[PDB]
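Just the one chain here, laid out as structure tokens, in the form deposited in one PDB entry.
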């Protein structure tokens, strides 16, 4: 169980967490790791059990969740997905920082476990800016843009809760936000680099 502390990275989808995470991985090859999640969906060609996912049934996933084996879980497109404590510890055993990129529900689920991650939220400067960035993409209809913005406002309002996040990064500019992210993780990166 010795090794780098996991990082829970959250904030509204589209507000920057994904872009910052890609730069983090690109600039620090061999430092970060993703846990092998469990899923109830059928494996696709080329996917391997124990590497891409632990492919289990709904009955097994529910039994393991009830036993307290998971740090977080959620439903996506008719299938269950989740991160086991063992999968996180497996990344930690490789001297890697396990990145848990989750939504607010995921943050709250992980907060209810005995894991001690660093909690970071990446926020847009405003809901207006998030809306303009999402409108610039053309991935939304007015209705889907509205549903996304309502969920994003709930996330933004909850990000202000005292003690919820260790670091809240306001993404005014990607380079500035990335520098704050690297600074927040500098002590754990240094540990994963020199071991």
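Numbering follows the first chain given and starts at 1.
Judged by mean Cα B factor in the deposited record, 66 to 74 ranks above the other of 66 to 74 and 26 to 34. When 96 to 104 is weighed against 76 to 84, 76 to 84 comes out higher, by mean CA B-factor as recorded in the entry. Note on the listed residues 153, 138, 159, 126: the highest Cα temperature factor in the record is that of 138. Residue 167: CA B factor in the lowest third of modelled residues in this chain (values from the PDB entry). Sorting the modelled residues of the chain by their CA temperature factor places residue 134 in the highest third. Per the deposited record, the Cα B-factor of residue 90 falls in the lowest third when ranked against the other modelled residues of its chain.
Per-chain ranking of the deposited C-alpha B factor places residue 112 in the highest third.
This protein has a second form, the form deposited in another entry, left out of what is shown; the following refers to that one.
Among 95, 170, 175, 164, only 95 lies at the hinge, the spot where C-alphas switch from fitting one rigid part better to fitting the other between this form and the one not shown. The pair residue 117 and residue 66 is looser in the other form: their Cα-Cα distance rises by no less than 3 Å compared with this form.
Compared with the form shown, the residue 45-residue 22 C-alpha separation decreases in the other form, the change being 3 Å or greater.
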